[PDB]
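File shown: final.csv. Contents: CSV, C-alpha atoms and all ligand atoms.
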```csv
chain,number,residue,atom,x,y,z
X,1,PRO,CA,73.8,50.8,69.3
X,2,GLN,CA,71.1,49.4,67.2
X,3,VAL,CA,69.5,51.6,64.6
X,4,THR,CA,66.4,51.0,62.6
X,5,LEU,CA,66.0,52.1,59.1
X,6,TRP,CA,62.8,54.0,59.3
X,7,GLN,CA,65.0,57.0,59.0
X,8,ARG,CA,68.3,57.6,57.6
X,9,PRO,CA,71.1,56.2,59.8
X,10,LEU,CA,73.0,59.3,60.4
X,11,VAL,CA,75.8,59.8,62.9
X,12,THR,CA,78.3,62.5,63.9
X,13,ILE,CA,81.8,62.2,62.9
X,14,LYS,CA,84.7,64.3,64.0
X,15,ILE,CA,87.3,64.6,61.3
X,16,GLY,CA,90.1,67.0,61.3
X,17,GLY,CA,88.7,69.0,64.2
X,18,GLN,CA,85.5,69.3,62.2
X,19,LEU,CA,82.3,67.9,63.3
X,20,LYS,CA,80.2,66.5,60.5
X,21,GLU,CA,77.2,64.2,60.2
X,22,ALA,CA,77.5,61.3,57.8
X,23,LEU,CA,75.4,58.5,56.5
X,24,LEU,CA,76.3,54.9,57.4
X,25,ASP,CA,76.1,53.2,54.1
X,26,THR,CA,76.4,49.5,53.7
X,27,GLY,CA,76.4,49.8,50.0
X,28,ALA,CA,79.4,52.0,49.8
X,29,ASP,CA,82.7,50.4,49.5
X,30,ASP,CA,84.4,53.7,50.2
X,31,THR,CA,83.9,56.6,52.6
X,32,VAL,CA,83.3,59.8,50.7
X,33,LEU,CA,83.0,63.2,52.2
X,34,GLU,CA,81.9,66.5,50.7
X,35,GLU,CA,84.4,69.2,50.3
X,36,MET,CA,86.1,70.3,53.4
X,37,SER,CA,89.7,71.0,54.2
X,38,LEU,CA,92.2,68.4,55.2
X,39,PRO,CA,95.9,68.7,55.8
X,40,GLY,CA,98.3,66.9,53.6
X,41,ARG,CA,98.9,64.9,50.6
X,42,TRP,CA,96.4,63.1,48.4
X,43,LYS,CA,96.1,61.4,45.2
X,44,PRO,CA,93.4,62.0,42.5
X,45,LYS,CA,90.9,59.2,42.2
X,46,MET,CA,87.6,58.4,40.5
X,47,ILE,CA,84.7,56.4,42.0
X,48,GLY,CA,81.4,55.5,40.5
X,49,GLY,CA,77.9,55.9,41.8
X,50,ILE,CA,74.6,55.8,40.1
X,51,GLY,CA,74.4,58.8,37.9
X,52,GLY,CA,78.0,58.4,36.9
X,53,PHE,CA,81.4,58.9,38.4
X,54,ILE,CA,83.1,61.6,40.3
X,55,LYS,CA,86.6,62.7,40.9
X,56,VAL,CA,87.8,62.8,44.4
X,57,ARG,CA,90.8,63.4,46.6
X,58,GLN,CA,92.2,60.3,48.2
X,59,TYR,CA,93.7,61.0,51.6
X,60,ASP,CA,94.6,58.0,53.7
X,61,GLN,CA,95.6,57.2,57.3
X,62,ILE,CA,93.0,59.7,58.4
X,63,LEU,CA,91.7,59.5,61.9
X,64,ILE,CA,87.9,59.7,62.2
X,65,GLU,CA,85.8,59.5,65.1
X,66,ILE,CA,82.3,58.2,64.4
X,67,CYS,CA,80.2,58.3,67.6
X,68,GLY,CA,82.7,57.2,70.2
X,69,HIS,CA,84.6,54.9,67.9
X,70,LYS,CA,87.9,55.8,66.5
X,71,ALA,CA,89.1,54.5,63.2
X,72,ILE,CA,91.8,55.3,60.8
X,73,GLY,CA,91.1,55.0,57.1
X,74,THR,CA,91.2,56.2,53.6
X,75,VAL,CA,88.8,59.1,53.0
X,76,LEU,CA,87.8,60.4,49.7
X,77,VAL,CA,86.8,64.1,49.6
X,78,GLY,CA,84.9,65.6,46.7
X,79,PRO,CA,81.5,66.2,45.2
X,80,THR,CA,79.2,63.8,46.9
X,81,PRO,CA,76.1,65.5,48.1
X,82,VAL,CA,76.1,63.8,51.5
X,83,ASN,CA,78.9,62.4,53.5
X,84,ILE,CA,79.1,58.7,53.4
X,85,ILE,CA,80.7,56.3,55.7
X,86,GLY,CA,81.2,53.1,53.9
X,87,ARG,CA,82.5,49.6,54.3
X,88,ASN,CA,86.1,50.4,54.7
X,89,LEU,CA,85.2,52.2,57.9
X,90,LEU,CA,82.1,50.4,59.1
X,91,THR,CA,84.1,47.4,59.3
X,92,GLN,CA,86.5,49.2,61.6
X,93,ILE,CA,83.9,50.4,64.0
X,94,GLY,CA,82.4,46.9,64.1
X,95,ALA,CA,79.0,47.4,62.4
X,96,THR,CA,76.8,44.6,61.3
X,97,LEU,CA,73.6,44.4,59.5
X,98,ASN,CA,70.9,42.3,61.0
X,99,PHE,CA,67.7,41.0,59.5
M,1,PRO,CA,70.7,36.9,59.7
M,2,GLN,CA,73.8,38.9,60.5
M,3,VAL,CA,76.1,40.4,57.9
M,4,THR,CA,79.6,41.6,58.6
M,5,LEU,CA,80.7,44.3,56.1
M,6,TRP,CA,83.8,42.6,55.0
M,7,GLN,CA,82.1,41.6,51.8
M,8,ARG,CA,79.3,43.3,50.0
M,9,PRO,CA,76.0,42.4,51.6
M,10,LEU,CA,74.5,40.7,48.6
M,11,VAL,CA,71.3,38.7,48.8
M,12,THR,CA,69.0,36.8,46.6
M,13,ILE,CA,65.8,38.2,45.6
M,14,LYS,CA,63.0,36.9,43.5
M,15,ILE,CA,60.9,39.4,41.6
M,16,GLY,CA,58.5,39.0,38.8
M,17,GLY,CA,59.5,35.5,38.6
M,18,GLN,CA,63.1,36.2,38.2
M,19,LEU,CA,66.0,35.4,40.4
M,20,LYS,CA,68.5,38.3,41.1
M,21,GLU,CA,71.2,39.2,43.5
M,22,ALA,CA,70.9,42.6,45.1
M,23,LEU,CA,72.8,44.9,47.5
M,24,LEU,CA,71.4,45.5,50.9
M,25,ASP,CA,71.7,49.3,51.3
M,26,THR,CA,71.2,51.4,54.3
M,27,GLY,CA,72.1,54.6,52.6
M,28,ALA,CA,69.7,54.2,49.8
M,29,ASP,CA,66.2,55.6,50.4
M,30,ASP,CA,64.5,53.6,47.7
M,31,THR,CA,65.0,50.3,45.8
M,32,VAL,CA,66.1,50.5,42.3
M,33,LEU,CA,66.7,47.5,40.2
M,34,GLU,CA,68.4,47.1,36.9
M,35,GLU,CA,66.3,46.9,33.8
M,36,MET,CA,64.1,43.9,33.7
M,37,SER,CA,60.7,43.1,32.5
M,38,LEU,CA,57.9,43.8,34.9
M,39,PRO,CA,54.3,43.6,34.0
M,40,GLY,CA,51.8,46.2,34.7
M,41,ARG,CA,51.9,49.9,35.0
M,42,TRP,CA,54.5,52.4,36.0
M,43,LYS,CA,55.4,56.1,35.7
M,44,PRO,CA,58.6,57.9,35.2
M,45,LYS,CA,60.6,59.3,38.2
M,46,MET,CA,64.1,60.6,38.6
M,47,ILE,CA,66.5,59.9,41.4
M,48,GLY,CA,69.7,61.2,42.5
M,49,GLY,CA,72.9,59.6,43.7
M,50,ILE,CA,76.6,60.3,43.6
M,51,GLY,CA,77.4,62.0,40.4
M,52,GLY,CA,74.0,62.4,39.0
M,53,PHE,CA,70.4,61.7,38.4
M,54,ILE,CA,69.0,58.8,36.5
M,55,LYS,CA,65.5,58.6,35.2
M,56,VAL,CA,63.8,55.6,36.4
M,57,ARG,CA,60.5,54.0,36.2
M,58,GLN,CA,58.4,53.5,39.2
M,59,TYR,CA,56.3,50.4,39.8
M,60,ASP,CA,54.2,50.4,43.0
M,61,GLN,CA,53.1,47.2,44.8
M,62,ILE,CA,55.7,44.9,43.5
M,63,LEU,CA,56.1,41.7,45.5
M,64,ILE,CA,59.7,41.0,46.3
M,65,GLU,CA,60.9,38.0,48.1
M,66,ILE,CA,64.2,39.0,49.6
M,67,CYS,CA,66.2,36.2,51.1
M,68,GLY,CA,63.0,34.4,52.2
M,69,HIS,CA,60.7,37.1,53.3
M,70,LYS,CA,58.0,38.7,51.3
M,71,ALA,CA,57.6,42.4,51.1
M,72,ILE,CA,55.6,44.6,48.8
M,73,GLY,CA,56.5,48.0,47.8
M,74,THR,CA,57.6,50.4,45.1
M,75,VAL,CA,60.6,49.4,43.0
M,76,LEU,CA,62.2,51.7,40.6
M,77,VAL,CA,63.7,50.1,37.5
M,78,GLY,CA,66.5,51.8,35.8
M,79,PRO,CA,70.2,52.0,34.8
M,80,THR,CA,71.8,51.3,38.1
M,81,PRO,CA,75.0,49.5,38.0
M,82,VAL,CA,73.6,47.1,40.6
M,83,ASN,CA,70.3,46.0,42.1
M,84,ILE,CA,69.9,47.9,45.4
M,85,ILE,CA,67.5,47.2,48.2
M,86,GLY,CA,67.1,50.4,50.1
M,87,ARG,CA,65.2,51.5,53.2
M,88,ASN,CA,61.7,51.4,51.9
M,89,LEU,CA,62.1,47.6,51.8
M,90,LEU,CA,64.6,47.1,54.5
M,91,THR,CA,62.1,48.4,57.0
M,92,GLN,CA,59.7,45.7,55.9
M,93,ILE,CA,62.1,42.9,56.5
M,94,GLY,CA,63.1,44.2,59.8
M,95,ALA,CA,66.7,45.1,59.0
M,96,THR,CA,68.7,46.9,61.7
M,97,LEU,CA,72.1,48.4,61.5
M,98,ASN,CA,74.0,47.3,64.5
M,99,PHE,CA,77.1,48.6,65.9
J,101,LIG,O1,82.9,53.6,46.8
J,101,LIG,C1,82.0,53.9,46.0
J,101,LIG,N1,82.2,53.7,44.7
J,101,LIG,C2,83.4,53.0,44.2
J,101,LIG,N2,83.8,53.1,42.9
J,101,LIG,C3,85.0,52.5,42.7
J,101,LIG,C4,85.5,51.9,43.8
J,101,LIG,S1,84.4,52.1,45.1
J,101,LIG,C5,80.8,54.6,46.4
J,101,LIG,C6,80.7,55.3,47.6
J,101,LIG,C7,79.5,55.9,48.0
J,101,LIG,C8,78.4,55.9,47.2
J,101,LIG,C9,78.4,55.2,46.0
J,101,LIG,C10,77.3,55.1,45.0
J,101,LIG,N3,75.9,55.0,45.7
J,101,LIG,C11,75.0,55.9,45.4
J,101,LIG,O2,75.2,56.7,44.5
J,101,LIG,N4,73.9,56.1,46.2
J,101,LIG,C12,72.7,56.7,45.5
J,101,LIG,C13,71.4,56.0,45.5
J,101,LIG,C14,71.3,54.6,45.3
J,101,LIG,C15,70.0,54.0,45.4
J,101,LIG,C16,68.9,54.7,45.6
J,101,LIG,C17,69.0,56.1,45.8
J,101,LIG,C18,67.8,57.0,46.0
J,101,LIG,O3,66.7,56.6,46.4
J,101,LIG,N5,67.9,58.3,45.7
J,101,LIG,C19,66.9,59.3,45.7
J,101,LIG,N6,67.0,60.5,45.1
J,101,LIG,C20,65.8,61.2,45.3
J,101,LIG,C21,64.8,60.6,46.0
J,101,LIG,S2,65.4,59.1,46.5
J,101,LIG,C22,70.3,56.7,45.8
J,101,LIG,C23,73.8,55.8,47.6
J,101,LIG,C24,74.6,56.8,48.4
J,101,LIG,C25,74.0,58.2,48.2
J,101,LIG,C26,72.8,58.6,48.8
J,101,LIG,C27,72.2,59.8,48.6
J,101,LIG,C28,72.8,60.7,47.7
J,101,LIG,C29,74.1,60.4,47.1
J,101,LIG,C30,74.7,59.1,47.3
J,101,LIG,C31,73.9,54.4,48.1
J,101,LIG,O4,73.6,54.3,49.4
J,101,LIG,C32,75.3,53.8,47.9
J,101,LIG,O5,75.4,52.5,48.4
J,101,LIG,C33,75.7,53.8,46.5
J,101,LIG,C34,74.8,52.8,45.6
J,101,LIG,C35,75.7,52.3,44.5
J,101,LIG,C36,76.7,51.3,44.8
J,101,LIG,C37,77.5,50.9,43.7
J,101,LIG,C38,77.3,51.3,42.4
J,101,LIG,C39,76.3,52.3,42.1
J,101,LIG,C40,75.4,52.7,43.2
J,101,LIG,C41,79.6,54.6,45.6
```

Let me see whether you can do it: turn the structure in this file into structure tokens.
Amino acid sequence: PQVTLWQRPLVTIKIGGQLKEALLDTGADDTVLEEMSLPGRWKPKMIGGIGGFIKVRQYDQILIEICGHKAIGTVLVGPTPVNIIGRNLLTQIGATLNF
Amino acid sequence: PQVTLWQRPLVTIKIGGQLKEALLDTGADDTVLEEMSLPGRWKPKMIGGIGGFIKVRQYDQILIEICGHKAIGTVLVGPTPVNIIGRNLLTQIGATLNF
């Protein structure tokens, strides 16, 4: 559904039986979630932001529901201050930017 | 126009006479450009992001032509890895996120 950007474009996700809200972020290549618990195996990874770079856990083939849209992707979990859905998943849910 | 998120949504801006490319960014509350010379007056501000806080300088009332459209607003200049057009300006160009 169309959102304007007068306010932060925030949605509910369900991941891992947990309900979260996350920011739809066209600038973010990758989806990055704060610390929460996920089952399984993961690889260490670093990503950059402004500020600097953080070190995250790289889980993949994770099912997320974002609004009513399912999508399976790579998720990075670590010290971001806000959960971010980025392009690897906004592409799966079909989001566009219009101006 | 309409951007699919398979590529980074980069766009051409003209600011202060200069021609830059910049990221259209729904998750970013403000616009922050890399260092460049702007005339006039500014004051120091700090912003956060993933993995830290940079100190930035704030110019208000800068004209920016973004794609083709003119908008005027505050632009923060500072050590970002990339020019980022955030919601303060995206609202002025009419951008909508649309799934
Ligand atoms: O995949 C990623 N990186 C990779 N590395 C290797 C492979 S992929 C990646 C994933 C998510 C975010 C980012 C890094 N990132 C951010 O750090 N910011 C902070 C930001 C950017 C611009 C303005 C503000 C702002 O106004 N902040 C304010 N603070 C106080 C008041 S306003 C904040 C937000 C997200 C955010 C919002 C609020 C708080 C924290 C973060 C942007 O929305 C994101 O697009 C992006 C911008 C960016 C993109 C590339 C390089 C550098 C910066 C990178």

Fill in: Contacts of ligand LIG 101 (chain J), 7 Å or closer, only C-alpha atoms and all ligand atoms, given as number ranges by chain
X: 25-32, 46-51, 80-82, 84, 86; M: 25-32, 46-50, 80-82, 84, 86

Fill in: Length of the atom CA of residue 69 of chain X to atom CA of residue 93 of chain X vector [Å]
6.0 Å

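Note that atom CA of residue 14 of chain M and atom CA of residue 85 of chain X are 29.0 Å apart.
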
Please superimpose chain M upon chain X, fitting all C-alpha atoms matched one to one in order, and report the result as a short mmCIF file (atom, residue, chain, number, x, y, z; two decimals) with C-alpha atoms, in the frame of the given file.
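Resulting contents of selection_11.cif:
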```cif
data_model
loop_
_atom_site.label_atom_id
_atom_site.label_comp_id
_atom_site.auth_asym_id
_atom_site.auth_seq_id
_atom_site.Cartn_x
_atom_site.Cartn_y
_atom_site.Cartn_z
CA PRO M 1 73.97 50.85 68.98
CA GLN M 2 71.05 49.65 66.90
CA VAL M 3 69.52 51.61 64.05
CA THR M 4 66.13 50.90 62.57
CA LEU M 5 65.90 52.09 58.93
CA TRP M 6 62.89 54.20 59.38
CA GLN M 7 65.05 57.28 59.30
CA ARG M 8 68.34 57.79 57.61
CA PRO M 9 71.12 56.34 59.72
CA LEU M 10 72.96 59.57 60.31
CA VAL M 11 75.78 59.86 62.81
CA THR M 12 78.21 62.36 64.07
CA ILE M 13 81.70 62.24 63.05
CA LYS M 14 84.67 64.32 63.91
CA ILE M 15 87.40 64.67 61.33
CA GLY M 16 90.24 67.04 61.02
CA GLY M 17 88.87 68.86 63.86
CA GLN M 18 85.54 69.37 62.36
CA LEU M 19 82.18 68.12 63.39
CA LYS M 20 79.98 66.54 60.59
CA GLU M 21 76.99 64.35 60.23
CA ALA M 22 77.39 61.41 57.91
CA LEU M 23 75.36 58.51 56.46
CA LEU M 24 76.12 55.04 57.59
CA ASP M 25 76.23 53.07 54.30
CA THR M 26 76.39 49.42 53.75
CA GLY M 27 76.25 49.65 50.03
CA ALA M 28 79.09 52.02 49.72
CA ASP M 29 82.55 50.44 49.41
CA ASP M 30 84.48 53.50 50.43
CA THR M 31 83.96 56.69 52.50
CA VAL M 32 83.61 59.87 50.68
CA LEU M 33 83.06 63.12 52.38
CA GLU M 34 82.02 66.45 51.06
CA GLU M 35 84.65 69.04 50.39
CA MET M 36 86.43 70.15 53.46
CA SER M 37 89.87 71.15 54.36
CA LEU M 38 92.20 68.35 55.27
CA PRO M 39 95.85 68.79 55.80
CA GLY M 40 98.47 66.72 54.26
CA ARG M 41 98.78 64.85 51.07
CA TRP M 42 96.37 63.20 48.73
CA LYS M 43 96.02 61.97 45.13
CA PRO M 44 93.24 62.04 42.69
CA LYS M 45 90.88 59.00 42.26
CA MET M 46 87.56 58.52 40.57
CA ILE M 47 84.58 56.63 41.86
CA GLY M 48 81.42 55.48 40.51
CA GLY M 49 77.87 55.51 41.79
CA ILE M 50 74.38 55.76 40.39
CA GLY M 51 74.45 57.98 37.41
CA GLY M 52 78.09 58.62 37.16
CA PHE M 53 81.62 59.01 38.26
CA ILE M 54 82.99 61.79 40.35
CA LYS M 55 86.62 62.60 40.69
CA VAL M 56 87.66 62.62 44.19
CA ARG M 57 90.70 63.08 46.19
CA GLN M 58 92.09 60.36 48.28
CA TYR M 59 93.62 60.91 51.70
CA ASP M 60 95.02 57.79 53.42
CA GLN M 61 95.33 57.44 57.23
CA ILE M 62 92.77 59.93 58.23
CA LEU M 63 91.59 59.59 61.82
CA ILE M 64 87.84 59.63 62.05
CA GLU M 65 85.94 59.48 65.22
CA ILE M 66 82.56 58.12 64.28
CA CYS M 67 79.96 58.25 66.99
CA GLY M 68 82.63 57.65 69.68
CA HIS M 69 84.99 55.21 68.18
CA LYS M 70 88.21 55.96 66.48
CA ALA M 71 89.10 54.48 63.17
CA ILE M 72 91.78 55.32 60.67
CA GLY M 73 91.53 54.85 57.06
CA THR M 74 91.30 56.35 53.60
CA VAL M 75 88.68 59.03 53.04
CA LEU M 76 87.89 60.37 49.70
CA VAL M 77 86.84 64.02 49.56
CA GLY M 78 84.67 65.15 46.80
CA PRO M 79 81.30 66.42 45.48
CA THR M 80 79.00 63.98 47.13
CA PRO M 81 75.69 65.25 48.06
CA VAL M 82 76.23 63.80 51.53
CA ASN M 83 79.00 62.53 53.78
CA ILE M 84 78.97 58.71 53.51
CA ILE M 85 80.66 56.22 55.75
CA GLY M 86 81.08 53.08 53.75
CA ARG M 87 82.45 49.60 54.41
CA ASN M 88 86.10 50.36 54.66
CA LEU M 89 85.25 52.16 57.93
CA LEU M 90 82.22 50.28 58.98
CA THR M 91 84.32 47.17 59.33
CA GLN M 92 86.53 49.03 61.77
CA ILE M 93 83.72 50.01 64.03
CA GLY M 94 82.26 46.63 64.02
CA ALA M 95 79.03 47.40 62.17
CA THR M 96 76.78 44.46 61.27
CA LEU M 97 73.71 44.41 59.18
CA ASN M 98 71.12 42.46 61.00
CA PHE M 99 68.00 41.03 59.80
#
```

Fill in: Shell of 12 Å around segment 95-97 of chain X, all atoms listed in the file, local chain residues under 4 positions omitted, as a ChimeraX atom specification
/X:1-5,24-27,66,69,85-91 /M:1-10,24-26,90,93-99

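Distance check against residue 22 of chain X using only C-alpha atoms: of X:41, X:55, X:70, X:34, the minimum falls on X:34.
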
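Closest approach to chain M among X:23, X:33, X:76, X:67 is made by X:23 (distances from only C-alpha atoms).
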
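Distances from M:44, M:39, M:16, M:52 to chain X were compared using all atoms listed in the file, and the smallest one belongs to M:52.
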
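Shortest separation to chain M among X:92, X:74, X:12, X:18 occurs at residue X:92, atoms counted being all atoms listed in the file.
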
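With all atoms listed in the file as the atoms that count, the minimum distance from residue 20 of chain X to the choices X:64, X:59, X:73, X:42 is reached by X:64.
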
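When all atoms listed in the file are used to compute distances to chain X, the closest of the residues M:61, M:43, M:19, M:68 turns out to be M:68.
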
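Atom pair atom CA of residue 83 of chain M / atom CA of residue 17 of chain M: separated by 15.5 Å.
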
Put the listed atoms of segment 31-35 of chain M in a box along x, y and z with 8 Å added on every side and give me the centre and edge lengths in Å to one decimal, as JSON.
```
{"center_x": 66.7, "center_y": 48.7, "center_z": 39.8, "size_x": 19.4, "size_y": 19.6, "size_z": 28.0}
```
